[PDB]
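S.K.: The amino acid sequence is not available; the structure is as follows:
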């Protein structure tokens, strides 16, 4: 009793617009975003609760697989306005690409319902280009498209031809292939790894899917995971199909349509399906984490890794590089998951499914692919190969132990009963730390940063296999830089201070971090090793405190770990100063131990000082440093090391001074832990004075008139003695960290931070021009420089918040101070904003972050336009007037300059290809565009409120209307923003006004009003419906 009544609405409703088809593109978007309003809307909620859809999820071939469905197709098309063309295209497509008629019919109807969208994403016409050329302004990165643009009418006629329509249908077909795998991918995550506190309705939908579609009833003490686990072999078999399709285009399709643009789309589609298929299969295997997989699955899988060299046959082209890393990362991850090195080796030592070790067949299958991959040169296979070497190395042991008076068959088969060749792999992998750098790059790909290709949950659970690999090799490999920086990369994934959050996620997702404390092998061989070598080896311990402090904000049982390391540090490891050679004496216990004892007090940095007591037992680690057994406060000590480093005070008889690198890491580590302590302090059951205590301990054993915050202040002042152009890389990194520390301290000492900013050279004063304003120009925004300005904008923004939030701790400030500092911030912000036109960013994503945060900052000030009355001023009034007056009523050259970042944002939004991976990059871009649109809207509203008649921004936006009308076609997220802006624009101009539709053009106007005439049709969200109608009521005159 399973029908497609919901999956595919009746044909007449699709052609009239009464019912929009829930394309997999729409379904995937809602699931990737876990949007409450979309997923719990009746339309999409019924779609997901439907039994027919469920069978498609579990049987993915059926979605497009060809089959005899002529009767169903004829009944759906017979007896119902253009149906002749619809029925025609569906049959042509079904035969061309070998898909069943019903599936093809759905593709053709999606193209028909998205025809107004496809028209608006066409290259701009000659007229539109001229309009935006004037919007650019009088001035001369926002490099515009070429002059190949033609008349709008010419394009429309071409857009309606059978040839183009067929191309869009083919494009839609491939788009739905990608979006279906993606929707299932996101679906699995939504089901297995949703965050606690989920909304009631959303939780009901999650449980109803697990129970009805997978017989997974959470109300049971142990639910049945059978149907979920079958998703792995299901979608593993789909990965094989993608390999085949990528190597063979459709047979019957005509060469008219087999253009280079289609060949690439066909290839990228196959890779994308494989990645999301790998992501689905991995999450499925992960559900059964401790247990082994059926040996037949590995045998089948590694047989495919052999013929395709772990999918390298598909990823050989450079045009698929952005998809290659995601694929390689999950191929390596999913291979390691099945091998299960931890439970494999543990089974070899000690005595569900049977381990694949008991099947000499599978062991040969694996060894063939591994051997083939290494000899071929597959760099991505080293983590799998290195993992396979350690397994064979232990099998070689278990065989010799019994040679004194199933896998044995494999050892005798592959010349392993006796010597060596396996060791060649273990060396090629670790030679020059290759395998360790591979895992470090796969960590980022599977990371938490906004540059990760996959969602957090997939990355969190997947990085565990690379952690298990290091776990088992830790006892057999010495503690070195390569196997340690690799783990730190697996843990940190290049995260920064700004990525700290008290957001509670699924419990199982923090296992990679809690295993550093719960797993003996990792805890003793990595965590303790990092502690016992600090501060001689600075970074390893600093990163752990920085990472675990941010990851355990929500963990009660482990809330005192990092603080327990900073307070009450057990040991101290420093480079030995010859000046102490008279203050120790060996113990003569063991000739190898080399232990000793102190005979005189040692004064580091040689009131309240830091002294290592006489009679403290110690030990010399290497002769080519000493690990003293001395419990102390590494936080208090570090605070003093920063004070010394800031003052440039040499201490011949004391410990070594902080390196400039160590300095930046040190401050960043303090800012993170402080931020983590102030986040948990305001939570239920936390110590509300936790951050103050953290500052006091770091201020201990400092001069009486000096606390840790004074040191950071002095450090900033000292570095800005020169100008930013003269500073060095690591020095600029120190500034960034110091600004991140002010941000964390702002939450607990607002009066101190504000007090310092009033005399900070970075921003202008009533007597100084400001240092930041000097960095503007044509410089390049590379990592150290960008981190500085990014952190500066975020800090400036956080300050504006505290000024507005405070309606009445703050000792050391006044209204004059906040006013002047806020105004200087407004001036610095606008300078950074104007400079984004000329700076060279490492990546457009970097510019999207900066423009997002700067625009947000200036927006916070534009919102205070209501305070611009004589008897209603506030501390933000001057700052607000500086922004408002700079965008409203500026002269031409400045008007053009201040509009290009906005125009550049609109352009980047239209030329950025849609994607189902890299969700973080996509979100950031949307936040950028939404900021620009909202910022422009409030400026127009503020102009109307303040009486400003002549507004260049009004003219700038009309000439950019051709871009605004196309944004909702590029991404539905922009529909409501664009409509609220166009409404504000029309309303403000109305007070013979300009014609919105006159600027768009006859053709664009028609398709735009068509898109907007959907009125959030598929979902029917109230807030979206009201926005649409206020727009129609204000813009479209009956």
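M.R.: It's in. Numbers count the residues shown, from 1 in each chain.

S.K.: Can you classify the residue positioned nearest the centre of the chain as helix, strand or coil?
M.R.: Central residue check for the chain by Cα atoms, centre = their mean: the C-alpha nearest the mean position is that of residue 450, 2.3 Å away. In the three-state summary, residue 450 is assigned as coil, counting by DSSP: H, G, I helix; E, B strand; the rest coil.

S.K.: who touches the residue nearest to it when sequence neighbours are not counted in this structure?
M.R.: With sequence-adjacent residues excluded and distances taken as Cβ to Cβ, 6 or more residues apart in numbering, residue 450 is closest to residue 920, at 3.7 Å. Quick note: C-beta positions are derived from backbone N, CA and C, even for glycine. Residue 920 sits next to 449-452 when contact means Cβ atoms under 8 Å, 6 or more residues apart in numbering.

S.K.: distance of residue 920 from residue 453?
M.R.: Computed with Cβ to Cβ, to the nearest Å, the distance linking residue 920 and residue 453 is 9 Å.

S.K.: ok, now which ones touch the nearest residue to residue 428 once chain neighbours are set aside?
M.R.: Of all residues beyond its chain neighbours, the one nearest residue 428 is residue 374 (6.3 Å), with distances taken as Cβ to Cβ, 6+ apart. Contact analysis of residue 374 by Cβ under 8 Å, 6+ apart lists 381-382, 385, 425, 428.

S.K.: domain parsing for the chain?
M.R.: Dividing the chain into domains by automatic domain parsing, as the record does, gives the ranges 541-734, 749-887, 895-1038.

S.K.: need those domains in TSV with distance to residue 476, can you?
M.R.: Listed next are the domains of the chain as TSV, based on distance: least, Cβ to Cβ, whole Å:
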stretch	distance to residue 476
domain 541-734	21
domain 749-887	35
domain 895-1038	36
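
S.K.: Of these, which is nearest residue 359?
M.R.: Nearest to residue 359 among these is domain 895-1038 (35.0 Å), distances taken as Cβ to Cβ.

S.K.: Please compute how far that closest one lies from its chain's middle.
M.R.: Distance of domain 895-1038 from the chain centroid (Cα atoms, centre = their mean, to the nearest Å) equals 27 Å.

S.K.: mind listing the strands in the protein by residue range?
M.R.: Secondary structure of the chain (DSSP state E): strands at 572-574, 584-586, 595-598, 602-603, 611-612, 617-619, 626-628, 780-781, 840-841.

S.K.: Of the ones you listed, which is nearest residue 287?
M.R.: Counting by Cβ to Cβ, residue 287 lies closest to strand 840-841 out of these; the figure is 40.8 Å.

S.K.: That closest one pairs with which strands?
M.R.: Looking at strand 840-841 with DSSP bridges, its partner strands are strand 780-781 (parallel).

S.K.: coming back round to it: by neighbour count, which of the contacts of residue 374 wins?
M.R.: Taking other Cβ atoms under 10 Å to define a neighbour, the member of the contacts of residue 374 with the most is residue 381, carrying 28 neighbours.

S.K.: how near is that one to residue 373?
M.R.: As for residue 381, its distance to residue 373 is 4 Å (criterion: Cβ to Cβ).

S.K.: tell me, what's touching those two both at once?
M.R.: Between them, residue 381 and residue 373 share the neighbouring residues 309-310, with contact defined by Cβ under 8 Å, 6+ apart.

S.K.: for the chain, what's the longest helix?
M.R.: Of all the segments of type helix in the chain, defined by DSSP state H, the longest one is helix 162-192.

S.K.: mind checking how far that helix is from the chain centre?
M.R.: The chain centroid and the centroid of helix 162-192 are separated by 22 Å, computed with Cα atoms, centre = their mean.

S.K.: Pull out the buried residues from it.
M.R.: 165-192 (16 or more other Cβ atoms under 10 Å).

S.K.: Stretch 1015-1026 too?
M.R.: Neighbour-count burial for stretch 1015-1026, counted by 16+ other Cβ under 10 Å, picks out 1015-1016, 1018-1019, 1021, 1024.

S.K.: Other residues contacting that stretch?
M.R.: By Cβ under 8 Å, 6+ apart, the list of residues contacting stretch 1015-1026 from outside reads 17, 19-20, 22, 26, 37-38, 41-44, 975-976, 1028-1029.

S.K.: Perfect, that will be all.
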